[PDB]
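Single-letter residue listing:
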Amino acid sequence: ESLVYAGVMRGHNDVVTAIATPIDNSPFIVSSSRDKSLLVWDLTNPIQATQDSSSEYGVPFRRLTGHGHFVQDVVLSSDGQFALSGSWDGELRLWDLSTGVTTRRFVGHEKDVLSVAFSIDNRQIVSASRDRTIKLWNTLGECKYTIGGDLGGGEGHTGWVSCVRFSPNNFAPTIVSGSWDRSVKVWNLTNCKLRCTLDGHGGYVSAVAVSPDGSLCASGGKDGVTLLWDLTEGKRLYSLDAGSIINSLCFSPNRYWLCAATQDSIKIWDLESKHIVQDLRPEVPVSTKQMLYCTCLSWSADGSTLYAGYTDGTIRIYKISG
Amino acid sequence: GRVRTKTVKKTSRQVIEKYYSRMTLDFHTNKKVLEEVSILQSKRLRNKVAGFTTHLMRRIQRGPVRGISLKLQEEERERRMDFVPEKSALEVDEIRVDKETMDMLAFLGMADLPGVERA
RNA sequence: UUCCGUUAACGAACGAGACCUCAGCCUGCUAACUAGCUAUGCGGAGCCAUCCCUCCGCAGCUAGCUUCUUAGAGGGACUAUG
């Protein structure tokens, strides 16, 4: 069996840069774009087989406009509605999806911000930046620590940070950061020191992944070579090969799958067998110049559906068979 | 008239040479990258130089190009330029000649020469 | 005389361009009783009249106020994409 196609939705004018999905409030997808809006889609799951299988997977519900530049990454609150988004204006914002207004605002990142992420207790907020610094924020949008600086100031990278995520193990909270300096680091929320430096790629990194059980540390990026690492202590298990650039990475919530967006199609490997078993192509093959990449992906809570957001503000949805 | 002048074109090429790896095909990210490596005195100059570098990368990613010397392609055009076949295609076994060629070879005293015969 | 390129020329200097001012976009940032909008209170006038509704006046420890006004910091356009 495999992944299958249902439709494509078009709600963003420019390249979609992130999708996030909830686990407790399921039929509410949220996607960010280079349009400073932040769209939220509602799911009755229509397939209108009346007009040549009329193409719409759903109906847009709400735009959270208000950011002053491209929105780069978004995430959702793990307990309720709230969402957090980072953008090129150097800000972070907390939105309330039940009313469409912003509620908080994290000022202080001296330059552009590229990644956001929540936590278990939702009190520990991380921001990665072109500042070449990471900063941790509370729920109040005020400062407690900021890891960065050059070698003397500390162990911060020297290029821009490009992505950060947590380790979902509850007795050992950490944060893994991929960088344009071609280096991945692992940190700790206990002391904001680094456990290990996971010195990998030869080109710039744009993606880092942490296993749903927090055991291994997929990271992608420039060369097309994905490297999987050891979360316990920094060990490179094996290498995978995609060929082209890599932007987004994800793990299936429960099934042992790793997905990637690699600039010519979406490539799903297997971790049961370190070998590709699924490629996913854009439906419309028009001969215009180099076709839409997929820029971001996400699974649902149940793994029943994967979402891919591309460079034309088009988002194509992928279901499973049975 | 949107001809780019010497400063933009020169700076575009000369920043392509120094950092090929850290540039890309999107204008905006290339704008930011170019803001992180060089000191320019106007936003309009930056937008213009980044715009000329982005399609320079598009055509680099396409094929070859003039004066900029990329390392990853100057060695790749050398690794296969010192390239040898299995054995030399210029072989002295079947080299057939026409009347006056053996006439000169008889002039030199190499009348008997292994591998020479008339057309 | 902008550039590609050609090429007994090679490498440079001015002018053009860049540049500076004003106008054009920003429900994003900073604010503002010598700018105001909003709501609430009291005051008047209408009226299915008692309230509600509409239109003005007035005063503040009303604003999770700065949209409108002002002026600063930036952002935005590069022919970027086809």
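- Per the PDB record, this model was obtained through cryo-EM at a reported resolution of 3.0 Å.

**Description of the sheet that holds strand β14 (residues 161-166) of chain A**
Residue and element names in this part refer to chain A.
Then step 1. A sheet is described by the order of its strands in space; here four strands give the open sequence β14-β15-β16-β17, paired in antiparallel fashion. At either margin of the open sheet sits one strand with a lone partner, and together these are β14 and β17 (194-198). Neighbour to neighbour, the strand axes of the sheet diverge by 15° on average, direction disregarded.
Then step 2. Note: strand β15 (residues 175-179) against strand β16 (residues 184-187), three bridges, orientation antiparallel. For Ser 177, the partnering residue across the bridge sits in β16 and is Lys 185.

**Overview of the interface of chain B and chain A**
Then step 1. With 10 residues of chain B at the interface, the matching set in chain A holds 12 residues.
Then step 2. Together, the buried faces of chain B and chain A total about 950 Å²; carbon and sulfur atoms form 57% of this surface.
Then step 3. Broken down residue by residue, the surface that chain B buries against chain A is led by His 28, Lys 32 and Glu 36 of chain B, which jointly contribute 47%.
Then step 4. Where chain B touches chain A, the interface holds two salt bridges.
Then step 5. Here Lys 111 of chain A makes a salt bridge to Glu 36 of chain B, at a shortest N to O gap of 2.8 Å.
Then step 6. If you tally residues by element for the side of chain B that touches chain A, the top one is helix α2 (residues 27-35) of chain B, at four residues.
Then step 7. The residue makeup of the side of chain B that touches chain A, split by class, is two nonpolar, four polar and four charged.

**Looking at the sheet that holds strand β3 (residues 28-33) of chain A**
Residue and element names in this part refer to chain A.
Then step 1. On the basis of which strands lie adjacent, the open sheet formed by four strands has the order β2-β3-β4-β5 and antiparallel pairing. The two strands at the open ends of the sheet, each matched to only one other strand, are β2 (16-20) and β5 (59-63). With direction set aside, neighbouring strand axes in the sheet form an average angle of 30°.
Then step 2. Looking at chain direction, β3 and strand β4 (residues 38-42) are connected through five bridges and run antiparallel. What sits directly across from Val 30, in β4, is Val 40.

**A few points about the pairing of strand β25 (residues 305-310) of chain A**
All names here are of chain A.
Then step 1. Most of β25 sits out of view: six of its six residues are buried.
Then step 2. Pairing between strand β24 (residues 294-299) and β25: five bridges, direction antiparallel. Bridge pairing in β25 places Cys 296 opposite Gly 309.
Then step 3. Between β25 and strand β26 (residues 314-320), which pair antiparallel in sequence order, lie three residues; one of them, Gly 313, sits at a positive phi of approximately 70°.

**Focus on the protein's contact with RNA strand C**
Then step 1. With respect to spatial proximity, 25 residues lie near RNA strand C, and among them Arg 105 and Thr 288 of chain A together with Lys 43, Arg 44 and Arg 58 of chain B are the closest.
Then step 2. By atom count, sugar and phosphate contribute 82% of the portion of RNA strand C lying within 4 Å of the protein.
Then step 3. Those elements that place two or more of their residues in the surface near RNA strand C are α1 (6-18), α2 and α3 (43-62) of chain B.
Then step 4. With six residues, the single largest contributor to the surface near RNA strand C is α3 of chain B.
Then step 5. Of the residues belonging to the surface near RNA strand C, the class tally is two nonpolar, nine polar and 14 charged.

**Thoughts on the pattern of salt bridges**
Opposite charge on two side chains permits pairing when their charged atoms draw close.
All names here are of chain A.
Then step 1. Evaluation of the coordinates by the stated rule reveals 13 salt bridges over all chains.
Then step 2. Between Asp 73 and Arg 165 there is a salt bridge, with the nearest N and O atoms lying 3.2 Å from each other. Of this pair, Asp 73 sits in strand β6 (residues 71-76) while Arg 165 sits in strand β14, and the two are 92 residues apart along the sequence.
Then step 3. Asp 73 gets classed as buried once you look at its relative accessible area, which sits at 10%.
Then step 4. Residue class for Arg 165 comes out partly exposed when judged on its relative accessible area of 30%.
Then step 5. Here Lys 144 ties to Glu 142 by a salt bridge, and the two come within 2.2 Å at their closest N and O atoms.
Then step 6. The network of salt bridges with shared partners includes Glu 91, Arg 93 and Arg 105.

Definitions and limits used
Residues numbered from 1 in each chain as written, not as in the entry; some residues may be left out. Chains lettered and ligands numbered in written order. Part of a larger assembly, values for the part shown. Heavy atoms only, no water. Pairing = 2+ DSSP bridges. Helix = DSSP H or I, 4+ residues; strand = E, 2+ residues; numbered from the N terminus. Axes fitted to C-alpha atoms, helices over the stretch in contact; angles between N-to-C directions. Contact = heavy atoms within 4.5 Å. Buried area = accessible area lost by both parts, 1.4 Å probe. Salt bridge = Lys/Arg side-chain N within 4 Å of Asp/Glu carboxyl O. Nonpolar A, V, L, I, M, F, W, Y, C, P; charged D, E, K, R; others polar. Buried < 20%, exposed > 50% of the residue type's maximum accessible area, 1.4 Å probe, protein only. Near = heavy atom within 4 Å.

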